[PDB]
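Just input39.txt here, compact mmCIF, C-alpha atoms:
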# COMPACT_ATOMS: atom_id res chain seq x y z
CA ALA E 1 17.73 -22.26 -13.02
CA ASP E 2 16.84 -25.77 -11.71
CA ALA E 3 16.34 -25.38 -7.89
CA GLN E 4 12.73 -24.06 -8.32
CA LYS E 5 9.07 -25.09 -9.10
CA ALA E 6 9.85 -28.61 -10.47
CA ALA E 7 12.88 -28.35 -12.88
CA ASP E 8 14.55 -26.16 -15.52
CA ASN E 9 12.45 -26.31 -18.77
CA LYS E 10 10.17 -29.37 -17.85
CA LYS E 11 6.81 -27.67 -16.92
CA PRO E 12 7.16 -24.31 -18.87
CA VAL E 13 4.66 -21.40 -19.10
CA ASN E 14 3.20 -22.81 -22.40
CA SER E 15 2.95 -26.55 -21.32
CA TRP E 16 1.50 -26.95 -17.71
CA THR E 17 -1.56 -25.99 -15.54
CA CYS E 18 -2.22 -23.11 -13.04
CA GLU E 19 -1.00 -25.29 -10.07
CA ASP E 20 2.54 -24.36 -11.29
CA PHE E 21 1.76 -20.61 -10.64
CA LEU E 22 1.28 -21.34 -6.87
CA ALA E 23 4.80 -22.92 -6.59
CA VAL E 24 6.29 -19.37 -7.01
CA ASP E 25 6.57 -16.86 -4.12
CA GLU E 26 4.54 -13.58 -3.94
CA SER E 27 7.96 -11.90 -4.51
CA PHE E 28 8.21 -13.42 -8.06
CA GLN E 29 4.56 -14.19 -9.16
CA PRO E 30 4.43 -10.65 -10.78
CA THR E 31 7.63 -11.77 -12.60
CA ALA E 32 5.87 -15.06 -13.59
CA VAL E 33 3.12 -13.03 -15.42
CA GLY E 34 5.95 -10.65 -16.54
CA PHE E 35 8.09 -13.20 -18.51
CA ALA E 36 5.10 -14.81 -20.37
CA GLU E 37 3.94 -11.33 -21.62
CA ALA E 38 7.34 -9.49 -21.88
CA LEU E 39 8.68 -12.00 -24.43
CA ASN E 40 5.23 -11.79 -26.22
CA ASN E 41 5.57 -7.99 -27.02
CA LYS E 42 9.31 -7.77 -28.04
CA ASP E 43 12.05 -10.30 -28.81
CA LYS E 44 14.95 -8.29 -27.18
CA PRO E 45 15.00 -5.80 -24.19
CA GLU E 46 15.93 -2.75 -26.40
CA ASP E 47 12.16 -1.91 -26.10
CA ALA E 48 11.83 -2.89 -22.36
CA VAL E 49 10.88 0.11 -20.07
CA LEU E 50 8.83 -2.20 -17.73
CA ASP E 51 4.96 -2.38 -17.55
CA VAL E 52 4.65 -1.68 -13.77
CA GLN E 53 1.01 -0.51 -13.40
CA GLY E 54 -0.13 -3.34 -15.74
CA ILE E 55 1.80 -5.96 -13.70
CA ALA E 56 0.73 -4.45 -10.32
CA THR E 57 -3.00 -4.29 -11.36
CA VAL E 58 -2.84 -7.87 -12.83
CA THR E 59 -0.80 -9.47 -9.91
CA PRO E 60 -3.92 -9.91 -7.60
CA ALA E 61 -5.77 -11.39 -10.64
CA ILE E 62 -3.70 -14.51 -11.64
CA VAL E 63 -2.53 -15.05 -7.99
CA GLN E 64 -6.15 -15.74 -6.92
CA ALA E 65 -7.37 -17.04 -10.30
CA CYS E 66 -4.79 -19.89 -10.42
CA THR E 67 -6.05 -20.94 -6.90
CA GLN E 68 -9.66 -20.65 -8.20
CA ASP E 69 -8.66 -23.23 -10.89
CA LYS E 70 -5.26 -25.03 -10.42
CA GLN E 71 -6.25 -27.28 -13.39
CA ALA E 72 -6.75 -24.30 -15.81
CA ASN E 73 -4.52 -24.29 -18.93
CA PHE E 74 -1.30 -22.25 -19.43
CA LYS E 75 -1.51 -18.63 -20.82
CA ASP E 76 -5.38 -18.67 -20.82
CA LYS E 77 -5.23 -17.41 -17.18
CA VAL E 78 -3.19 -14.24 -18.06
CA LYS E 79 -5.48 -13.69 -21.13
CA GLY E 80 -8.67 -14.31 -19.04
CA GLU E 81 -7.54 -12.03 -16.17
CA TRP E 82 -6.53 -9.23 -18.62
CA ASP E 83 -10.03 -9.66 -20.17
CA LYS E 84 -11.63 -9.31 -16.68
CA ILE E 85 -9.57 -6.10 -16.18
CA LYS E 86 -10.14 -4.36 -19.61
CA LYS E 87 -12.61 -6.27 -21.84
CA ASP E 88 -15.27 -6.45 -19.05
CA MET E 89 -15.65 -2.61 -19.63
CA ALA V 1 -0.24 0.51 -19.04
CA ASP V 2 -0.74 4.33 -19.31
CA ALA V 3 -0.01 5.53 -15.72
CA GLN V 4 3.72 4.45 -15.65
CA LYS V 5 7.16 5.22 -17.27
CA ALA V 6 5.95 6.96 -20.49
CA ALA V 7 8.94 7.05 -22.89
CA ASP V 8 11.03 10.02 -24.06
CA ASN V 9 13.59 9.38 -26.91
CA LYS V 10 13.33 5.63 -25.83
CA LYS V 11 15.06 5.15 -22.40
CA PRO V 12 14.79 1.30 -21.82
CA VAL V 13 16.62 -0.98 -19.25
CA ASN V 14 19.85 -0.38 -21.33
CA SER V 15 19.65 3.42 -20.46
CA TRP V 16 17.36 3.60 -17.35
CA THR V 17 19.08 4.22 -13.96
CA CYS V 18 19.15 2.59 -10.50
CA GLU V 19 17.73 5.78 -8.79
CA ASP V 20 14.34 4.94 -10.40
CA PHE V 21 14.74 1.19 -9.49
CA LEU V 22 14.13 2.41 -5.88
CA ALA V 23 10.84 4.12 -7.02
CA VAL V 24 9.13 0.82 -8.11
CA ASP V 25 7.86 -1.28 -5.15
CA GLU V 26 9.74 -4.36 -3.73
CA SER V 27 6.97 -6.60 -5.17
CA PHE V 28 7.99 -5.49 -8.74
CA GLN V 29 11.76 -4.69 -8.31
CA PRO V 30 12.66 -8.29 -9.51
CA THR V 31 10.30 -7.72 -12.52
CA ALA V 32 12.82 -5.20 -14.00
CA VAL V 33 15.69 -7.83 -14.02
CA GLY V 34 12.96 -10.21 -15.37
CA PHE V 35 12.55 -7.71 -18.34
CA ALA V 36 16.32 -7.25 -19.13
CA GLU V 37 18.13 -10.62 -18.67
CA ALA V 38 14.87 -12.55 -19.49
CA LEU V 39 14.72 -11.41 -23.16
CA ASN V 40 18.49 -11.33 -23.95
CA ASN V 41 19.04 -15.11 -23.33
CA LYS V 42 16.38 -16.22 -25.93
CA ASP V 43 13.52 -14.65 -28.03
CA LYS V 44 10.02 -16.05 -27.02
CA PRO V 45 8.40 -17.54 -23.80
CA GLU V 46 7.46 -20.92 -25.46
CA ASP V 47 10.32 -22.70 -23.54
CA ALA V 48 10.43 -20.35 -20.45
CA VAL V 49 9.50 -21.53 -16.88
CA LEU V 50 10.83 -18.36 -15.15
CA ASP V 51 14.46 -18.08 -13.90
CA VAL V 52 12.94 -18.00 -10.33
CA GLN V 53 15.90 -19.27 -8.24
CA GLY V 54 18.33 -17.14 -10.30
CA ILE V 55 16.03 -14.05 -9.94
CA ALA V 56 15.61 -14.72 -6.17
CA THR V 57 19.45 -15.02 -5.80
CA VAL V 58 20.07 -11.87 -7.95
CA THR V 59 17.25 -9.66 -6.43
CA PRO V 60 18.90 -8.75 -3.02
CA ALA V 61 22.16 -8.00 -4.90
CA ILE V 62 20.63 -5.45 -7.33
CA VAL V 63 18.17 -4.10 -4.66
CA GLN V 64 21.05 -2.96 -2.41
CA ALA V 65 23.35 -2.16 -5.39
CA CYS V 66 20.80 0.30 -6.86
CA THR V 67 21.00 2.21 -3.49
CA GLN V 68 24.84 1.84 -3.36
CA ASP V 69 25.10 3.36 -6.89
CA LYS V 70 21.76 5.08 -7.86
CA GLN V 71 23.40 6.85 -10.82
CA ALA V 72 24.40 3.56 -12.59
CA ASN V 73 22.77 2.32 -15.82
CA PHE V 74 20.60 -0.70 -14.83
CA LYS V 75 21.96 -3.12 -17.53
CA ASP V 76 25.53 -2.45 -16.28
CA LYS V 77 24.38 -2.96 -12.62
CA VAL V 78 22.71 -6.38 -13.29
CA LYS V 79 25.98 -7.43 -15.06
CA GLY V 80 27.99 -6.02 -12.08
CA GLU V 81 26.10 -8.13 -9.49
CA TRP V 82 26.11 -11.23 -11.79
CA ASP V 83 29.93 -10.85 -11.94
CA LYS V 84 30.18 -10.46 -8.11
CA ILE V 85 27.95 -13.61 -7.80
CA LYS V 86 29.70 -15.90 -10.40
CA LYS V 87 32.90 -14.37 -11.86
CA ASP V 88 34.34 -13.55 -8.38
CA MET V 89 34.82 -17.36 -7.70

Produce structure tokens that represent the structure in this file.
Amino acid sequence: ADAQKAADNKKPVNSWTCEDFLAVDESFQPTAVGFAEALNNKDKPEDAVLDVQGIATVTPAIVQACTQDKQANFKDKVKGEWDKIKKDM
Amino acid sequence: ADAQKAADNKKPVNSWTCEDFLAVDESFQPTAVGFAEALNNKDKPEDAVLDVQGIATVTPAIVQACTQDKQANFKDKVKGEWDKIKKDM
């Protein structure tokens, strides 16, 4: 859809900085991390059962972390926050 | 994530019911439509920028509709509200 963020397909989740994560409401920021990872772990929704606890644990990570660095690169924020959650051990 | 929706015989969004759409929090209710209709329109997130305005339009439809008809299959209910949104015109 076009009446959001900037435009349909012009600043996508593999082409723009973390400032574009703060354009989205709290209602759909968990969906913003959702789409970038959902499409990364299956091609079609025949294997979609949702990843609720993952999304709900990771929501307060990218939400803050994209305000910590608006100029941070695409996808590296979801990777870096998942690393802070698991890989930090 | 381990603490959520562990599968039995594979019961994805194409089998999963609206009664359990009420069990996930309001913060992540749009994430479920963002894991069905998100995948089916493409393959990968390389061109995605979220369907935010579409998801925000379609959320209050499915949120009420999953209480109206708890026993519906979720993939049929997202189609049902998309029809009532678009096809009704």

Closest contacts (chain V/stretch 71-74 of chain E, max 12 Å, only C-alpha atoms) as a Markdown table:
| residue | atom | partner | partner_atom | distance |
| --- | --- | --- | --- | --- |
| V:45 | CA | E:74 | CA | 11.6 |
| V:46 | CA | E:74 | CA | 10.7 |
| V:48 | CA | E:74 | CA | 11.9 |
| V:49 | CA | E:74 | CA | 11.1 |

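Since chain E and chain V share the same sequence, their Cα atoms can be paired directly; the RMSD after superposition is 1.9 Å.
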
- [ ] Check every residue of chain E for an atom within 8 Å of chain V, counting only C-alpha atoms, and provide those that qualify as a ChimeraX atom specification.
- [x] /E:1-4,8-14,24,26-28,30-32,34-40,43-56

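Picture a line from atom CA of residue V:63 to atom CA of residue V:85; it runs 14.0 Å.
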
- [ ] Please measure the separation of atom CA of residue V:81 and atom CA of residue V:17, giving the value in Å to one decimal.
- [x] 14.9 Å

- [ ] Measure the distance from atom CA of residue V:68 to atom CA of residue V:18 in Å and round it to one decimal.
- [x] 9.2 Å

Take every atom of stretch 24-31 of chain V listed in the file, fit an axis-aligned box around them, add 6 Å per side, and give the centre and edge lengths in Å to one decimal as JSON.
{"center_x": 9.8, "center_y": -3.7, "center_z": -8.1, "size_x": 17.7, "size_y": 21.1, "size_z": 20.8}
